[PDB]
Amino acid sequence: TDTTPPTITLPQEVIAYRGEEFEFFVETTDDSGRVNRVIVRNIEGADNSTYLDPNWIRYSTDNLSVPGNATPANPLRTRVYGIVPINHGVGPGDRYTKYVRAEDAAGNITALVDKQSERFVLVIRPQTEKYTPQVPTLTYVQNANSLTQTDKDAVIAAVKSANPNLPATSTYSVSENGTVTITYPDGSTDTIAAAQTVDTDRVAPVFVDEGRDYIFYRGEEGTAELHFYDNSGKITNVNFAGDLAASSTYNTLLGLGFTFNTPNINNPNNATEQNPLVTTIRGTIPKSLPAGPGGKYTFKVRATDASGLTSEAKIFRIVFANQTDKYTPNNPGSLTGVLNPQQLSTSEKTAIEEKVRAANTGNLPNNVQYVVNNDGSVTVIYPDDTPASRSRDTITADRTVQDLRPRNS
């Protein structure tokens, strides 16, 4: 008959964190295939004892005392689980050696032998041994020895952002110099040193487009996109009117009807090199301003970061261009026969103008003017043309006129 007790397989050590749920499994088999009892108990007590302390160590075994419940293929599974109290000690003696016994249906029970038979040690550790926080992105501040509440909130946010797997019940404290204390729910802590959380902001924002000339064609609306970034990733102000000369130029452009829009100025993380802050300048230089050496506005812009560092005044320009600088007429698809190449008739001029018109729809402005000259060359006058800033193209008479005079006999 069966004289062999069941075989019990279980972890020798189970680390359980203070405050948290723990669970592990004990596996029991027997050659009979049936196990009738699995017991977790204190060493103390008579052979029949099932007294077990602490009260929060719990166990359960589904399928007890069922034929076929304890085979090698399908071992009997006993769950050992509980919640460690939040105020349990985590000292070296905060451990429990408890004994697991099993009995088959023939009554064979595993022997209970102090420090030798089947047992586990449940070891209670602080939550900080489970969690290792990651360093945040550096927060750049005006004074790393005296953080503002805004600085501290930013460090906490950057620590929480880099630590999505820490307990949600974890609290964060930032000291005057940026040292971060993370307090887990059991009162254990981690520290992130100030060197890994904050540094002094010593670099003013950068105007990426310093020195750039933005071309605006007279009489056509244009835009200029200006880009800024800071080492902190944040700009708080862009200032085109930092002194009298700058202000004058700025207000002159406003006077022409331009707009300046920097929509992300109040957003966080609005100004990195990869994703810079963008100021868009939109407007039209009217034709009443001529192009030429003086046909320009030289601006000065400054940008300030959240620590109060303001860049030097940095130059960019708007430079005016005539429309002829961006348009090139297409020649007519055929020449027009002329009886007298030195003096076209009205009908010949009309025919040329029509061919030049047809060749240029979709290319030149719809409000260009064509003047067919007496020799059949065509003056193209763009709508920004003025006496002070002529804006024109010429199509030569070899591209428009074909002499029809016969050849001698």
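Residue positions are given as counts along the sequence shown, with the first one as 1.
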Exercise for review: Between 59-67 and 379-387, point out the one with the higher average CA B-factor as the PDB entry records it.
Suggested key: 59-67
Point to revise | Comparing 254-262 with 144-152, the one whose average Cα B-factor in the PDB entry is higher | key: 144-152
Check your understanding: Whose C-alpha has the highest temperature factor in the PDB entry: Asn177, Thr324, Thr78, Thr280?
Key -> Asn177
Study note, to complete from the structure: The residue of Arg37, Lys355, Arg41, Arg34 with the maximal C-alpha B-factor according to the PDB record is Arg37
Practice item. Comparing against every modelled residue in the chain, figure out the third that the C-alpha B-factor of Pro54 lands in (lowest, middle or highest). Key: lowest
**Study point:** Where the record places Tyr229 (Cα B-factor, split into thirds across the chain)
**Key:** middle
Review point. What third of its chain's C-alpha B-factors does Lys160 belong to: lowest, middle or highest?
Key: highest
Review point. Sorting the chain's CA B-factors, does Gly91 end up in the lowest, middle or highest third?
Key: middle
Practice item. Just say lowest, middle or highest third for the CA B-factor of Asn340 relative to the other modelled residues in its chain. Key: highest
